[PDB]
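K.L.:
next input, structure requested:
(chains A, B, C, D, E, F, G, H, I, J and K, ligands or ions: 2)
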Amino acid sequence: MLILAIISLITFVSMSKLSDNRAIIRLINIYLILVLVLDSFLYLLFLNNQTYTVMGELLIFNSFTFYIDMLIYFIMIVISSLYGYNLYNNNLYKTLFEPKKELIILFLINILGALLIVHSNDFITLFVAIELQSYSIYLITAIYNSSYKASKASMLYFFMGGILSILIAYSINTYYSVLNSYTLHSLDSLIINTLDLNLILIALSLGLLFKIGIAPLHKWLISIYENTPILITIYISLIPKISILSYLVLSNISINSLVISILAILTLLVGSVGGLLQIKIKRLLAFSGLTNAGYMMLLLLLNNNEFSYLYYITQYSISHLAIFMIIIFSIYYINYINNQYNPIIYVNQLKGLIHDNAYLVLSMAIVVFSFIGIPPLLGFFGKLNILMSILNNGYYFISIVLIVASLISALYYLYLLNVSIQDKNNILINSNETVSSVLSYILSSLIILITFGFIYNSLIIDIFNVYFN
Amino acid sequence: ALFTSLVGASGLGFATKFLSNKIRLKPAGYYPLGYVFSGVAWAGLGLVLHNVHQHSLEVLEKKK
Amino acid sequence: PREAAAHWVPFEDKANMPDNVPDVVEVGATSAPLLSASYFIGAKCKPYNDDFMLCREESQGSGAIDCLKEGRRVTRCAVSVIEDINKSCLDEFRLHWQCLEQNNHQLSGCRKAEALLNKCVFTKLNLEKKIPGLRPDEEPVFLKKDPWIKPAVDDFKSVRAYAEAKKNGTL
Amino acid sequence: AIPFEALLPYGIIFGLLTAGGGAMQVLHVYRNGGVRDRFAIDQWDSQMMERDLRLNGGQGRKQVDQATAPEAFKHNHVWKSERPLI
Amino acid sequence: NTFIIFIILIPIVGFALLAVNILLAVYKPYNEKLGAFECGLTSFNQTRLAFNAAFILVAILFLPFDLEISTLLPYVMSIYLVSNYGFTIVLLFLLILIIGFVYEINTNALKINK
Amino acid sequence: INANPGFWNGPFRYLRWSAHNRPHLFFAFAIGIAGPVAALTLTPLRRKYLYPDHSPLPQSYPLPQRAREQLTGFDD
Amino acid sequence: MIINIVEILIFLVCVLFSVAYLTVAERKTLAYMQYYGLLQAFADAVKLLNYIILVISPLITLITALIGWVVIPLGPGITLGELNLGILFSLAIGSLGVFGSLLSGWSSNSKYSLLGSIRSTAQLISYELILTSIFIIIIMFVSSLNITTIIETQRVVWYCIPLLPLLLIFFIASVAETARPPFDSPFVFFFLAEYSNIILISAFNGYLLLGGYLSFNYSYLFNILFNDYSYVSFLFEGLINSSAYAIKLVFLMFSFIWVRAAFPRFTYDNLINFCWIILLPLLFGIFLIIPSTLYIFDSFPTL
Amino acid sequence: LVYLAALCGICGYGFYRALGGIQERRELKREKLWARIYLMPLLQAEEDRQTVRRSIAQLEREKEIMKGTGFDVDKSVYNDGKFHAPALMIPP
Amino acid sequence: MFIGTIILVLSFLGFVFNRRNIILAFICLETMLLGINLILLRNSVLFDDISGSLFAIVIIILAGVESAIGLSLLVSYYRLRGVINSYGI
Amino acid sequence: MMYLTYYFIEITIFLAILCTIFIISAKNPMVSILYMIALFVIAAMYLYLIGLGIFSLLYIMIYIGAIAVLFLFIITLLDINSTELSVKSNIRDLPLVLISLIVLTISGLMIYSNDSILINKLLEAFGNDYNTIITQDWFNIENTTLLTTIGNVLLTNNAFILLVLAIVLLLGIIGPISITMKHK
Amino acid sequence: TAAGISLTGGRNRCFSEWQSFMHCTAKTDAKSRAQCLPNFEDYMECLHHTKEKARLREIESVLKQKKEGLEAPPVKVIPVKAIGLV
Ligand SMILES: CCCCC/C=C/C/C=C\CCCCCCCC(=O)O[C@H](COC(=O)CCCCCCCCCCCCCCC)COP(=O)([O-])OCC[N+](C)(C)C
Ligand SMILES: CCCCCCCCCCCC(=O)OC[C@H](COP(=O)(O)OCC[N+](C)(C)C)OC(=O)CCCCCCCCCCC
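P.N.:
Numbering: from 1, shown residues only, chains lettered A, B, ... in the order given. Ligands and ions are numbered 1, 2, ... in the order given. The structure is reproduced below:
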């Protein structure tokens, strides 16, 4: 369904004008919507945690992969709606959010790479999917190359990801040299006990986790997120993280790892404290993503963590999309635009937003409280599942670090709300232009999901218990 | 109950429509036909999820 | 198994074969005679060869040391058939192997000598040449007429022998 | 009219190539002992020439059709000692 | 074994590179006459030159197309062994590549100055 | 002078327009699409009428699927 | 040992003499339509000896152009190196041959020469795509990378006859590969290396499409003339094979100098557009049809 | 249209010759393959007999060098009792 | 493997130190990929297994595609297209 | 004869060391490109020594006639219209290298007593004083080479990988076009 | 997957050991997986020959510390040109 979309897009975009980009992106938006709503019945293949191997043991298929797959389509639909649909029908918003001719094709190829990462069963398939995603994401980062701020980020991301992919390939080839194999099916309890292949898996996890940017290799991706266009940043900071973390969770190669635990604690501390030292919105959200990545990395130290990870990644994806879309909507209520690519930079520019759109500030307050973990929002429940999982395995110091990190992060989360509920006497230079109904509906749906998804907690728990056991 | 689940889903759709209207700086009763559309769509999603839940319980009970 | 590398030296072993196992004469024919007589060897000694393999897979790793006896049987059968050829059809066999050596070991360029050897063996050795796995609809490659591919140069004395035979009428 | 001066170096190249190829054919025949060369040899062919060299006593590509080999072939089998690839 | 060689070689050549790079700390401070470039004057009067995007695209796209062609070599070496299944796979491979070739033809990305 | 009539407006008119106005692309597509299509629509016909496919060639020794029989001859 | 040395010396002398004499041949052909530099340059290059790699570039490019000849056969097995990967080795040497123009453009330290080198390099790689495509198309009928193997399969029919448009495409791409019109101290090195590459491309076309050393069948002629194998018969057959191969080579050479002294020169942009808009779509069509044609009639070549 | 029709005939006649050449070469390859099939049992057994002789020779050589030392030579490095040809010869 | 690992080490440390020498950093990327391919091919030869060589050719193709993308990035970064668009629309 | 052929591999290794040092220790980008071309040649010779001449040919084809050619082409584009590249200071990043490398040395140093039972592993790793025995068998009848096996596995066992690499080559076609030309 | 295929399209060097190990794993369960330790040890030995290397090292150490002669047929090395001669 994705390969056919990619081929059809190359063919159709080849023979189309530049003005047809919005229409093509809308067409793919409804195409993916129909793919989800019409082919969703494939979840019947995974009753009682039934697992399949596809393409000569090169791919794995179970309920976990299916759910991550559907979540990636939902995120792709939201992000592509952000490109096809025009927020405001005026020339300025025309200029800021204008998709490139190849952006949708690169987006779909990156989705394909992420899915192949999630579904990988062999190191050859894993490396090929990693390279596909990496090259696609480099091209996504570089496709807006009319600024040196974006150009330096593109070049840095290319080089750092090249080093990381080389390290991943080196680890995979060391594993092959040790075992003369390219799959995890040759690893059993006896295999792990008899031979010391732990360091190979530690190196592989290191290379994979550095691609999403855990400490002490966080600064480069934070700079990249700061400097890329915000409609690009919303995508490049979610999908690769989801793919890498899902592959790491399903691989289950870091049980009670000291190195992984220490790096997770370092990631949490760096994300929490460094967020306090931020005056830019993009850097603040980058450190927020770092803290969430540390939270999810804490789940890599124990088994039977599928439910907690799935719940947390879904709620975090929804909250991430919601917060970036709130930041996008707030662009209309500022008197000047920083760059063509990043129109808002500093948190101080959101000052007094409650006097321009009080319900936008209400939605932002809901999403920020969910980030902090205020009940009964989804973020609190995800953090609670993480706490239950870590206390079931006896990680008490990890739990204390988690609680302290959340308390520290609450300060710079409430920084946003405190700035936004201030008073701005400077009235707007713009008035009464109507915001897009489709994008507003999507943002409101995300906010309502965050607010009232705790209704279906028992239903989701039962579905997990029947479809994952 | 199925009726209660449908009512809750429709109410969530109405809340989403109301929030969308208020975000756009528009009156609460702006496009009531949009309220109907949103309620119908969210009620349908709730019905699908309730059917999935019922099938899940059936599968849980059948292996006994 | 892969071939050798940049540096490799051949080391020769002069240790005697263990006395417990019996000693058997072994085939001395070079590449061309073996290529010439492979079909006859197979036709005569297929059951011994099949027993040899079946033991090789049944031993499951120790085929070299556990399947000695039928291997001795196979090499004895090969020696017997080669002795029959070397006392039976000297001329035709010499024609065939010399032509094959002169024709880069390709059976296409020596159909006349192949036919002569085949008639000799079928006439007074009670062995027939055939290629397995061929349906009756298609006709065997070695019995073709007007071939698609011609040899670069036809062998002179082989063609002379063929002409002399066809004057005799043996063919 | 046909320009012979223009075609003279072409003819020189033609004759040089012809003579070189003939000399190469003669040299290959002399090296092979009066027989044609072997081309496109696989692992099986290489093993066959190795066995033939062992049988004939190292006399090039000489072929013998004798059923019974001399006693020398019972002990002349040689294995290859590959240098360890670092 | 590769990991061991890597880990122990890191400190030695790392220190060597560290020392040889602390050397340039001060060196040729490029005090050359960089005055006409910090103002915006030109002294060429010529040597403008140009490069259409299609030229550099020909140069760059020589590489992926050459990789596409050289990927066909493994197929032609095992064409008989994988006859029909491999034939279909190669057809799909070629059609996917021709999708990109159609992209580069329709876009007219490779047409030099007209 | 010449303008594209559009493929969807008329298939055969566009085919003639491509054959007469864009020879290289038209022929490229012609030979390119002939291959798979002619294969699909002619290979069963060739198998049925012209000649059946050849028997598979051996890849290794054909191992008989049977037990070891007792043989006599060429003993020590 | 001695035989190999004599053979390689004879082949090197013959190749060098042919390359040197083709310059005179081209000059005389141009005149009718309308050497000694290596010795002086080698001492100069030795005197010069980062300057190191830049100085060693021209002669090593010439050495690569000459090594391109080590695999060219003059008969069954008649070659300096009988490589099972002769096609791949030939392709690799042809790929390496593009460095000559680039390094020669650097040699002069001149902007105009650098533009010339850039344009030449882009044209060479553009038509290297075509050459490699045609190589693989030909290999699809053989399933072997041995040059002698392909030449031997061409006994049934020359691959030119089923692929005459492919012959025309290869001829055009060969004229355009070496910047030969109308498809247009280190200088002597690069000059002889360029002409060596020209002759190598002619040889490539010869053994890919024109049948190589084959000619009319002479089995009956040898049967009439000779009654047994002899060195005279081997010499005669080698002479026949080499004469046929050399006459095909000379025909291709004459075609190259003819198009040089023929249809008017074309502009560079048109030169690349002809490869990238007209030739490559046809070659991809052939990529699709040749395996399809073999699958239709169940004629996939064996190893 | 005469040249185009002739070109189809020239290409068609070439293909017919070329297509037929491949098919017969497959048959020739089939004959060549079956020739090597029959020769394997006699060639493989000869190598197998030599392998046993060399394997025992190394075992006899090794045990005599270590005479007077408390070590086990006949004990294979592998756990199974199957025959294993010795590898990694000591440089001469 | 010695040669591949040492090439990888030297190129990795050349990358870490320069880190601002985009031409040389991208060269170091290419050489690190070469060093990994050498190790993979040596282990494939030692084990007599085809997966090592298959992954080697896959790495070759991926390295080519990566090099093409990176050189396009350098073109965009250094403005190789040139401008001379003065006195124009 | 034997003395040189026993250490051909080590000579290639030493030449590779020299070429890599010359790559990472030059100023002109041309010098680094030419030395990595030499390094690719050395890698091809090393692959030939092992018995992978086909992989050496593939390297000389791709990495040199395409990758290195494009590298030199792009650098030549930078030189005709002289645009010197600005040289930024790495002394900014030197302190982190200091800290990390001191940490790594300390990590290798506190092992101390445990090195007596770990360094020995590398000690016998360096030795490798045994020659591989090459034995012959006749279980192979088909003229199958390395490239044939590559094609077989890539077209049958891992055809999905071939299709995904087709998509990768598609990406490598689309991307340069997307970020190099200005549409309309 | 391409596992278990050699460089010539056949069965790789350690096909038998890997086959035996996977058969043992299939015939056993997770609790009884410890019984299949010798199969994995043999597979690793076929991969790297560590125990074989140690045994050869011990044999060489014993040999190099001896001065008395050896009365046993040793191994003779001959040039490639001298294969089958005499
Ligand atoms: C008409 C077809 C449209 C369907 C398209 C669905 C796209 C899903 C995309 C993005 C995620 C959004 C939330 C999905 C809810 C989880 C479903 C499930 O139950 O999660 C379970 C697994 O729970 C888990 O581990 C944890 C899940 C974490 C959810 C976190 C969000 C909580 C709030 C959401 C409550 C829903 C509000 C609906 C209001 C009417 C997968 O269930 P399953 O694999 O057995 O298949 C389900 C049957 N299906 C495919 C028809 C749907
Ligand atoms: C798209 C392609 C469609 C072409 C359809 C033409 C069919 C005409 C019928 C004649 C066949 C025949 O009668 O001659 C038979 C021939 C040869 O077989 P044989 O050995 O003599 O038969 C004996 C069968 N045994 C060996 C099993 C005993 O078979 C052919 O392969 C020849 C086909 C003609 C050339 C087609 C090439 C296609 C053009 C390629 C342009 C790129």
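K.L.:
check whether the longest helix belonging to chain D comes near chain K.
P.N.:
For chain D, the longest helix by residue count, based on DSSP state H, is helix D:4-32. No - using CB under 8 Å from any CB of the partner chain, helix D:4-32 stays clear of chain K, with a minimum separation of 13.9 Å. C-beta coordinates here come from the backbone N, C-alpha and C atoms, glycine included.
K.L.:
what about that helix and chain G, touching?
P.N.:
Yes - on the criterion CB under 8 Å from any CB, helix D:4-32 is in touch with chain G at D:5-6, D:8-10, D:12-14, D:16-31.
K.L.:
show me which residues of that helix are buried.
P.N.:
D:6-7, D:9-10, D:12-14, D:16-29, D:32 (16 or more other CB atoms under 10 Å in any protein chain shown).
K.L.:
next: stretch J:108-123.
P.N.:
Of the residues in stretch J:108-123, none is buried (16+ other CB under 10 Å).
K.L.:
which residues are in contact with that stretch?
P.N.:
Residues from elsewhere that reach stretch J:108-123 (CB atoms under 8 Å, 6 or more residues apart in numbering or on different chains): E:1, E:4, E:5, E:7, E:8, E:11.
K.L.:
now flag whichever of the residues you listed is closest to chain C.
P.N.:
Of all the contacts of stretch J:108-123, chain C sits closest to residue E:1, with 18.9 Å by CB to the nearest CB.
K.L.:
quick check: that closest one vs residue I:45, distance?
P.N.:
15 Å (CB to CB, to the nearest Å).
K.L.:
just residue J:176 next, same as before
P.N.:
Distance from residue J:176 to residue I:45, by CB to CB: 35 Å.
K.L.:
among these two, which residue is more densely surrounded?
P.N.:
Between residue J:176 and residue I:45, counting by other CB atoms under 10 Å in any protein chain shown, residue J:176 is the more crowded of the two (29 against 21).
K.L.:
where's that one, which helix or strand?
P.N.:
Following DSSP states H and E, one finds residue J:176 within helix J:159-180.
K.L.:
and that helix, anywhere near chain K?
P.N.:
No - judged by CB under 8 Å from any CB, helix J:159-180 makes no contact with chain K; its nearest approach is 9.2 Å.
K.L.:
just checking, residue G:138 touches residue G:209?
P.N.:
Yes - with contact defined as CB atoms under 8 Å, residue G:138 counts as touching residue G:209 (7.4 Å).
K.L.:
list residues touching both of the two?
P.N.:
With CB under 8 Å, 6+ apart, residue G:138 and residue G:209 have common neighbours G:159, G:163, G:166.
K.L.:
quick check: the first one touching residue G:137?
P.N.:
No - here residue G:159 does not reach residue G:137: they are 9.3 Å apart, not a contact under CB under 8 Å.
K.L.:
which residues touch residue B:50?
P.N.:
Going by CB under 8 Å, 6+ apart, the list of residues near residue B:50 reads B:2, B:5, B:6.
K.L.:
from chain E, how far off is it?
P.N.:
42 Å (CB to the nearest CB, to the nearest Å).
K.L.:
what helix or strand does that residue sit in?
P.N.:
Taking DSSP H and E as the definition, residue B:50 sits inside helix B:32-62.
K.L.:
out of the shared contacts of residue G:138 and residue G:209, which are inside helices?
P.N.:
residue G:166.
K.L.:
from the shared contacts of residue G:138 and residue G:209, pick the one nearest chain A.
P.N.:
For the shared contacts of residue G:138 and residue G:209, the nearest to chain A is residue G:166 (28.1 Å; CB to the nearest CB).
K.L.:
I'd like the distance between the closest one and residue A:389.
P.N.:
66 Å.
K.L.:
now for residue J:60, how many residues are close by?
P.N.:
Neighbour count of residue J:60, defined by other CB under 10 Å: 26.
K.L.:
measure residue A:258 to residue A:264 for me?
P.N.:
On the measure of CB to CB, residue A:258 and residue A:264 end up 11 Å apart.
K.L.:
higher neighbour count, those two?
P.N.:
residue A:264 (28 against 9).
K.L.:
identify the residue nearest the more buried one in space, chain neighbours excluded?
P.N.:
Residue nearest to residue A:264 in three dimensions, not counting chain neighbours: residue A:297, with 4.2 Å by CB to CB, 6 or more residues apart in numbering or on different chains.
K.L.:
before we move on, what about residue A:163?
P.N.:
Using CB to CB, 6+ apart, the closest residue to residue A:163 is residue I:15 (6.4 Å).
K.L.:
and the one you found, what is it in contact with?
P.N.:
Contacts of residue I:15 (CB under 8 Å, 6+ apart): A:159, A:163, I:25, I:28, I:29, I:32.
K.L.:
next, the second one: secondary structure please.
P.N.:
Just to be clear, that refers to residue A:163. Three-state call for residue A:163 (DSSP: H, G, I helix; E, B strand; the rest coil): helix.
K.L.:
surely it meets residue I:29?
P.N.:
Yes - between residue A:163 and residue I:29 there is a contact at 7.4 Å, judged by CB under 8 Å.
K.L.:
residues touching the residue most central in space within chain B, list them.
P.N.:
Central residue of chain B (CA atoms, centre = their mean): residue B:9, 2.3 Å from the mean position. Listed by CB under 8 Å, 6+ apart, the contact set of residue B:9 reads B:42, B:43, B:44, B:45, B:46, B:47, B:49.
K.L.:
which element is it on?
P.N.:
Going by DSSP H and E, residue B:9 is in helix B:2-23.
K.L.:
swap in residue C:11?
P.N.:
Assigned by DSSP H and E, residue C:11 falls in strand C:8-13.
K.L.:
then the strand or helix carrying residue J:95 to PDB, C-alphas only?
P.N.:
Here residue J:95 is covered by helix J:94-109, with elements defined by DSSP H and E. Output of helix J:94-109 as PDB, limited to C-alpha atoms (Å, rounded to 0.1, in the frame of the first residue of the first chain):
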ATOM      1  CA  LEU J  94      39.800  19.700  21.300                       C
ATOM      2  CA  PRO J  95      38.800  19.900  25.000                       C
ATOM      3  CA  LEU J  96      36.100  17.200  24.600                       C
ATOM      4  CA  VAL J  97      38.600  15.000  22.800                       C
ATOM      5  CA  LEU J  98      41.000  15.500  25.700                       C
ATOM      6  CA  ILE J  99      38.400  14.500  28.300                       C
ATOM      7  CA  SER J 100      37.000  11.500  26.400                       C
ATOM      8  CA  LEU J 101      40.500  10.100  25.500                       C
ATOM      9  CA  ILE J 102      41.800  10.500  29.100                       C
ATOM     10  CA  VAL J 103      38.600   8.700  30.200                       C
ATOM     11  CA  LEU J 104      39.300   5.900  27.700                       C
ATOM     12  CA  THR J 105      42.900   5.600  28.700                       C
ATOM     13  CA  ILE J 106      41.900   5.400  32.400                       C
ATOM     14  CA  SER J 107      39.300   2.800  31.500                       C
ATOM     15  CA  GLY J 108      42.000   0.700  29.800                       C
ATOM     16  CA  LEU J 109      44.400   1.400  32.700                       C
END
